[PDB]
Amino acid sequence: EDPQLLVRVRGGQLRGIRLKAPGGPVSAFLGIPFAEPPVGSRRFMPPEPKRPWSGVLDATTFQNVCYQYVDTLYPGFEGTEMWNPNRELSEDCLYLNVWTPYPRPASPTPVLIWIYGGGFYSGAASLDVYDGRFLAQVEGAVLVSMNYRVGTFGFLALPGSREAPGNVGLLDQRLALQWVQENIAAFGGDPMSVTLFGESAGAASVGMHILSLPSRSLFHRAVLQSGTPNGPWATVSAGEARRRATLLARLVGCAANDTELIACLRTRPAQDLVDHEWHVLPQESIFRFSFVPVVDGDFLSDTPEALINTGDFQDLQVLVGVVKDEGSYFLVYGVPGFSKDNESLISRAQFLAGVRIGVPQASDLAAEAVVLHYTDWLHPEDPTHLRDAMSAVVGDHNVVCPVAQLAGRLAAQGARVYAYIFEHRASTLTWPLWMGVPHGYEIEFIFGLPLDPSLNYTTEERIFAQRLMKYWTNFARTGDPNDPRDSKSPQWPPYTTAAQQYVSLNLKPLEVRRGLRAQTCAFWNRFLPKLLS
Amino acid sequence: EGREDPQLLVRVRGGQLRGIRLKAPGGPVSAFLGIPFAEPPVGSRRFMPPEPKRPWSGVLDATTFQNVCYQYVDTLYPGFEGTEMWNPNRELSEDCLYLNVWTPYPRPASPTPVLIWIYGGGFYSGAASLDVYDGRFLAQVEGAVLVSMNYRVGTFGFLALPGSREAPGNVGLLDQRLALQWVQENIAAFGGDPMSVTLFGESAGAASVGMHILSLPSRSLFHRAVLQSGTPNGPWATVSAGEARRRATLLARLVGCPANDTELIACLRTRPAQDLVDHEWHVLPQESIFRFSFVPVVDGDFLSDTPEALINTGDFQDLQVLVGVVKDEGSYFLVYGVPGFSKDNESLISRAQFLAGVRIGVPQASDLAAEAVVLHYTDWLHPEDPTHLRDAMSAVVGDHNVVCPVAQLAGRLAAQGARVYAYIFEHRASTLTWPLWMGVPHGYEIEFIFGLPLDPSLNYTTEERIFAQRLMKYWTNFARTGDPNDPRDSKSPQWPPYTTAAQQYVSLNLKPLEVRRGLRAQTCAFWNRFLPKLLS
Ligand SMILES: CCN(CC)CCNS(=O)(=O)c1cccc(C(F)(F)F)c1
Ligand SMILES: CCN(CC)CCNS(=O)(=O)c1cccc(C(F)(F)F)c1
Ligand SMILES: CCN(CC)CCNS(=O)(=O)c1cccc(C(F)(F)F)c1
Ligand SMILES: *[C@@H]1O[C@H](CO)[C@@H](O)[C@H](O)[C@H]1NC(C)=O
């Protein structure tokens, strides 16, 4: 056997596998169990630390994907499949993955911990897009990724009940966080330098760890990509959670006590739960998800907004960002007149129709406010503008403005913030051009995929991917994405409340801009709330 | 007669006039001044609709300006030209219904298109005799027949107890209508063409013009319209009947005037004119700017419905209107009310002062509507910059009151059949006496349109003369033909009509015409489209 592939952790012995990255080998350990399989009566329950094992456990292969809805809108299409599960579905999914350089680091390496997205209803650490070999190999990072329970299995809550207190998916993450503290040293990783990063639902979990005291001792830095704990989609109230749980239970046939109800749910095949997962939304919406974290006054003392509005972030360091076209991706998923197979030019009417969807909570008047604000009064009926507007609304509503809000809140309250906007459209992107740089297409670059010679990316992009892996790791190492030996380019300045500087991430060297949709986000973050209050 | 100038003696329906030959830079003009067109609206005719002037005997000397209609006089800035130039320059009297006529010298042989000017001044002030309204240049240089007229302002012109016989409302507007009638009967005696009459006016004058377009009995008295920095629609140009009554009654109390409306009015008719003026500003519902106590009332008579209603639903194929604004419609008003602001400093305000100012500048806005205003005009990169705030404050006031109503008007008119030409006037006079920060304020296009820079003794620059002349060509071409362009100077930039499809309009300044798209389009969607929903 190969010594560089045998590791003893607190629970037993593991055998990793030696993988070939373009530039050299890396040691990988996949399918590492961090919890007792939360199946049977353990459904909806917090996770328990995994029992010790005998012999040498094989950790050379990806474990199962947590049970979730699978998308089927464009069957066999790379643009959607790249996010679908690539291993069997199982409730038995509590496993993590560690990549490290080969030979494993000589001195304690900073740790990256990735948390996936998928709107709290899908996702997996086995996705090719999340391949950790490149960062480990090129930047010599130790990189960790866990599976956590999504959808009903991870976030169905009957608040205040003992048998379904909610947030267990986030507990699954918190427990892998712990695992890394107890075990990562063995792989050469530095438990004293752990950066979390994540996108979409993932960025919000990161945020929620920032905001939950029990977690603030498991990491030292965060990166939130295209997602926040605050905002319209990442949390529900206890009353809203209770509502959906109860509704679902009704939907599969379970009207009495908390204990009785959940008991019956526990006796239901996975696909039954997923079969109705979607039917419990309060409105015909987009960028809305059925089972998400709940404000329980436990994991979350209060709402993320209350929490960011008054937290003390004296000792925090954070990288926050969006892409150029946060909204596009979502429109093809049920917004009348949109499709990836035509340029989706819309009429004024469909534009109105579509606003009541991307802002499901909006009053009649609140919606009119949006429409008037995003209409280009020079070309109020121009089909291209109307389409592009629809995207902007949805992206600004759900991502850009919430992010602007968090940055502003953090910076103002002591935190050290770096903000980007990601502006480069993949050469091999399979979505139409009208969607621009969609939600989730910075990831491949951060993870270093363009170095995969066979992915047919251009050289410019290979160079670009390398530049980001640096930023991200320099951040992990130092809390500052700036090369301490660079050099080009103009240096990435911290986001502040006074100047509000962020940078564009594109093929050209860094350019500094001021104000993250300042005027438009003022409208979302400052005025609209009055309009509904 | 017999030894006078045979070229200064004309007859009108009321009798014989003797006018005066005036000198202008380029030659002589004929001027007839203080021609009475109505019986003096005094004593028991105070507040009443004007009665047509009764013929006189002998030749009436029409060589000097008549009395200015009784009005409040600005004292904010004593002896300062900036303000003085708008103050009455003849004795104040309730006997003030007189018009003026300027024509070439000698008078034209073929019928000449006629320009009728109507002064602004909030309906609280204004005189056709101010220097800035001198027809001598348009007359001499373009061969225009120019008519300007006095009309009752303040209480005397617009105080109304709606529904009553003694104070029906709008008599100020009726004075004007009477002068238009006068032109239709008499203007041919001076060589003017009654088949070709063009109204024009600024601020309240502009609003006035709007109101004749909108008022059926006026729409045979003219053929074309110009509206400078004012509109019949908007926040300040009109009040409901309920609100007019509210203010009439309030004024009465303030002056001791407690057969119901009859008794009330009768008492008011016994008050010195000066006591009425002394109390005019107290009937305002809120601390404000760009609001005036006594303006036209929506009576369902002169004005059948509200101006807003009428422009929304009208048919204006036959209408040729030229409209526009100045770069800085709002600056002038700030120094008369908004704490922080003054002509004698650079008026850099704080955020606090800006929020306080928005309430004043938008007096009828709820707390929520005001937040909306403040969030729109705030620059969220620099929400505390004193210079930005100073200029946003100016822009709230300008947009709300002029630029957006004008935008609203052009939009509805074009959409409904009318030829509209729109402009923005961007040139600050080298001679302007206000501070730089005010930009090109409300009213400082007038001197150029009337051609005052041609007066050599006014110390304007050569460019400004060329420029003043260009603008007279535009105005006077539009008067002639309904189109401001020149068929003969065809190579020069064209001035396209404003259309809902392209919202085109031109910049007016020392440089050749530039065409632009969209009258503060986005910001006016706010004022014109959203804000009304925020309260509906
Ligand atoms: C990094 C993103 N891609 C591109 C290299 C990874 C692989 N595509 S896939 O896993 O998402 C996959 C796997 C199997 C089938 C299909 C489909 F083509 F049918 F869609 C796709
Ligand atoms: C990890 C990033 N994304 C891809 C960009 C994963 C899936 N997209 S989504 O969850 O964020 C999403 C996107 C669009 C529609 C829906 C649906 F719920 F309506 F189906 C979900
Ligand atoms: C119409 C011609 N203007 C030129 C700008 C003369 C000034 N009168 S005002 O209505 O425009 C005006 C000007 C300043 C203050 C006020 C007040 F009503 F608030 F007092 C009114
Ligand atoms: C114009 O200029 C002359 C000096 O060239 C000056 O004496 C005169 O007072 C000025 N008049 C005005 C109107 O300013």
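As deposited, the entry is annotated with X-ray crystallography as its determination method and 2.60 Å as its resolution.

Chemist: I'm lost on the packing of aromatic side chains in this one. Help?
Modeler: Considering all chains together, one arrives at 79 aromatic pairs over all chains under this definition. Their ring planes at 80° and their centres at 4.9 Å tell us that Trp-114 of chain A and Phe-447 of chain A sit as a pair that is edge-to-face. We note that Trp-114 of chain A, like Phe-447 of chain A, is buried. Between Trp-117 of chain B and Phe-450 of chain B, the ring centres sit 5.1 Å apart and the planes meet at 85°, which makes this aromatic pair edge-to-face. By relative accessible area, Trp-117 of chain B is classed as buried at 1%. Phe-450 of chain B sits in the buried class, given a relative accessible area of 0%. Note that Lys-340 of chain A overlies the ring of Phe-77 of chain A, its terminal NZ or CZ placed 4.8 Å from the centroid. In this structure, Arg-21 of chain B is placed above the aromatic ring of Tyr-105 of chain B, and the distance from its NZ or CZ to the ring centre is 5.0 Å.

Chemist: I would appreciate a short explanation of the interface of chain B and chain A in the present structure.
Modeler: Think of interface size as the accessible area that goes away when the parts come together; that is how it is often given. Counting from both sides, the interface comprises 20 residues of chain B and, opposite them, 21 residues of chain A. Summing both sides of the interface, chain B and chain A together bury roughly 1,800 Å²; the carbon and sulfur share of this comes to 64%. Among the residues chain B hides against chain A, the three largest losses belong to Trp-380, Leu-381 and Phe-530 of chain B. Together they make up 35% of the total. Across the contact surface, chain B and chain A share one salt bridge. Taking the shortest distance from any N to any O, the salt bridge between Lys-530 of chain A and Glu-371 of chain B comes out at 3.8 Å. For the pair chain B and chain A, the number of links is nine residue pairs in polar contact.

Chemist: Explanation requested: the UniProt feature "disulfide bond" in chain A in the structure shown.
Modeler: Residue and element names in this part refer to chain A. Of the UniProt disulfides, the one joining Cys-66 and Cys-93 is satisfied here, as the sulfur distance of 2.0 Å falls under 2.5 Å. Note that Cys-66 is positioned in strand 6 (residues 65-66) and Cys-93 in the loop between strand 7 (89-90) and strand 8 (95-101), a separation of 27 residues in sequence. The residues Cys-66 and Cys-93 share a single accessibility class, namely buried. For the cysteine pair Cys-401 and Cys-521, annotated in UniProt as disulfide-linked, the sulfur atoms lie 2.1 Å apart, consistent with the bond being present. Of the two residues, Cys-401 sits in helix 13 (residues 383-412) while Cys-521 sits in helix 16 (residues 518-532), which places them 120 residues apart along the sequence. Using a relative accessible area of 3% as the deciding quantity, one classes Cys-521 as buried.

Chemist: Which parts of the structure should I look at to understand the sheet that holds strand 14 (residues 419-425) of chain B?
Modeler: The strands that make up a sheet pair up through hydrogen bonds in the backbone, lying either parallel or antiparallel. Residue and element names in this part refer to chain B. Reading across from one edge, 3-4-8-10-9-11-12-13-14-15-16 is the order of the eleven strands in this open sheet, with mixed pairing throughout. Strand pairing shows two members of the sheet lacking a second neighbour, strand 3 (20-24) and strand 16 (514-517), which therefore form its edges. The mean inter-strand angle of the sheet, taken between neighbouring strand axes irrespective of direction, is 25°. As paired strands, strand 14 and strand 15 (residues 504-508) are joined by three bridges and run parallel to one another.

Chemist: For this particular structure, what's the right way to read the environment of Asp-299 of chain B?
Modeler: All names here are of chain B. Among the secondary structure elements, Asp-299 is positioned in the loop between helix 8 (273-277) and helix 9 (307-313). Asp-299 sits in the partly exposed class, given a relative accessible area of 24%. Separated by 3.0 Å, the side chain of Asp-299 and the backbone nitrogen of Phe-302 make a polar contact. From its side chain, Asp-299 meets the backbone nitrogen of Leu-303 in a polar contact 2.9 Å long.

Chemist: What is the right way to read the site of ligand 1 from this model?
Modeler: Residues and elements named next belong to chain A. Every residue close to ligand 1 is listed here: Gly-76, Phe-77, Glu-78, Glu-81, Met-82, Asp-128, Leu-449 and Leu-455. Side-chain polar atom of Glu-78 to a nitrogen atom of ligand 1: 2.7 Å apart, as the coordinates give it. With respect to ligand 1, the backbone of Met-82 contributes an N or O atom lying 3.2 Å from an oxygen atom. Relative to its unbound accessible area of 520 Å², ligand 1 is 56% covered by the protein chains.

Chemist: Would you mind going over helix 5 (residues 201-210) of chain A with me for this structure?
Modeler: Each full turn of the α-helix corresponds to 3.6 residues, which orients residues three or four apart in the same direction. Burial within helix 5 of chain A is extensive, with ten of its ten residues counted as buried. For helix 5 of chain A, the secondary structure elements touched by its buried residues are strand 9 (109-115), helix 4 (168-183), strand 11 (189-199) and strand 12 (221-225) of chain A.

Chemist: Help me understand the pairing of strand 2 (residues 15-18) of chain B, please; the structure alone is not making it clear to me.
Modeler: Working note: regular strand, side chains alternate between the two faces of the sheet. With four bridges connecting them, strand 1 (residues 9-12) of chain B and strand 2 of chain B associate as antiparallel partners. What sits directly across from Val-12 of chain B, in strand 2 of chain B, is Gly-15 of chain B.

Chemist: What should I look at first to understand the UniProt feature "active site" in chain A in this one?
Modeler: Residue and element names in this part refer to chain A. In the UniProt entry, the feature "active site" is given for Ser-200, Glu-326 and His-439. For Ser-200, a relative accessible area of 7% puts it in the buried group. Once you skip the residues sitting within four places of it in the chain, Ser-200 turns out to touch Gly-117, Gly-118, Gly-119, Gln-225, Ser-226, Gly-227, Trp-233 and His-439. Among the structural elements, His-439 can be located in the loop between strand 16 (416-422) and helix 14 (443-446). With relative accessibility at 9%, the residue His-439 sits in the buried group.

Chemist: Looking at this model, I keep getting lost on the site of ligand 2. Mind explaining?
Modeler: Residues and elements named next belong to chain A. Lining the immediate environment of ligand 2, one finds 14 residues, of which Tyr-121, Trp-278, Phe-330, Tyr-333 and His-439 sit closest. Contact with the protein chains removes 91% of the 510 Å² of surface that ligand 2 exposes when unbound. Among the residues forming the shell around ligand 2, the class breakdown is eight nonpolar, five polar and one charged.

Chemist: Looking at this structure, how should I read the UniProt feature "disulfide bond" in chain B?
Modeler: Residue and element names in this part refer to chain B. Sulfur atoms of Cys-69 and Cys-96, annotated by UniProt as disulfide partners, sit 2.0 Å apart, under the 2.5 Å cut-off for a formed bond. Here the residue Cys-69 occupies a position in strand 6 (residues 68-69), and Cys-96 occupies one in the loop between strand 7 (92-93) and strand 8 (98-104), the gap between them amounting to 27 residues. When its relative accessible area of 1% is taken as the criterion, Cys-69 is described as buried. With sulfur atoms 2.0 Å apart, the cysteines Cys-404 and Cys-524 match their UniProt disulfide annotation in this structure. One end of the pair, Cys-404, is in helix 13 (residues 386-415); the other, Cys-524, is in helix 16 (residues 521-530), and 120 residues separate them in sequence. For the pair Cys-404 and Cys-524, one class covers both residues: buried.

The rules behind the values
- Along each chain, numbering proceeds from 1 in written sequence order. Entry numbering may differ, and residues lacking coordinates are not shown.
- Just so you know, chain letters begin at A and ligand numbers begin at 1, following the order they were written in.
- As a rule here, side-chain values cover all heavy atoms of the structure and leave hydrogens and water aside.
- Residues with missing side-chain atoms are left out of burial classes, side-chain pairs and their counts.
- Each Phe, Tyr or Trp ring (for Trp, its six-membered ring) is paired with any other whose centre lies within 6.5 Å, and the angle between the two planes then decides the class: stacked below 30 degrees, edge-to-face above 60, tilted in between.
- Relative accessibility thresholds used throughout: buried, under 20% of the residue-type maximum; exposed, over 50%; partly exposed, between the two (1.4 Å probe, protein chains only).
- Each ring is checked for a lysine NZ or an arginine CZ that lies within 6 Å of its centre and within 35 degrees of its normal; such an atom marks a charge sitting over the ring.
- We call two residues contacting when some pair of their heavy atoms lies within 4.5 Å.
- Buried area adds together the accessible area that both of two parts lose upon being put together, with accessible area traced by a 1.4 Å probe.
- Salt-bridge detection follows one rule: a side-chain nitrogen of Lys or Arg within 4 Å of a carboxyl oxygen of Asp or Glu.
- N or O atoms within 3.5 Å of each other form a polar contact, as long as, within protein, one can give a hydrogen and the other can take it, and as long as residues adjacent in sequence are counted only when both atoms are side-chain atoms.
- Disulfide: a pair of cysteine sulfur atoms within 2.5 Å of each other.
- UniProt positions are given in the numbering used here, feature names are shortened, and annotations may be inferred rather than shown by experiment.
- Strands here mean DSSP runs of E at least two residues long; helices mean DSSP runs of H or I at least four residues long; both are numbered from the N terminus.
- At least two bridges found by DSSP between two strands is the condition for calling them paired.
- Axes, fitted as lines to C-alpha atoms, cover a helix only where it is in contact. Angles between the N-to-C directions of the axes lie from 0 to 180 degrees.
- Working definition: residue near molecule or strand if any one of its non-hydrogen atoms lies within 4 Å of it.
- Where accessible areas are quoted, they stem from the Shrake-Rupley method and a 1.4 Å probe; at the residue level, only the protein chains shown are allowed to cover.
- Here the term charged refers only to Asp, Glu, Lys and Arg, the term nonpolar to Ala, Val, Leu, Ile, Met, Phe, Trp, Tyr, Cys and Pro, and the term polar to all other amino acids, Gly among them.

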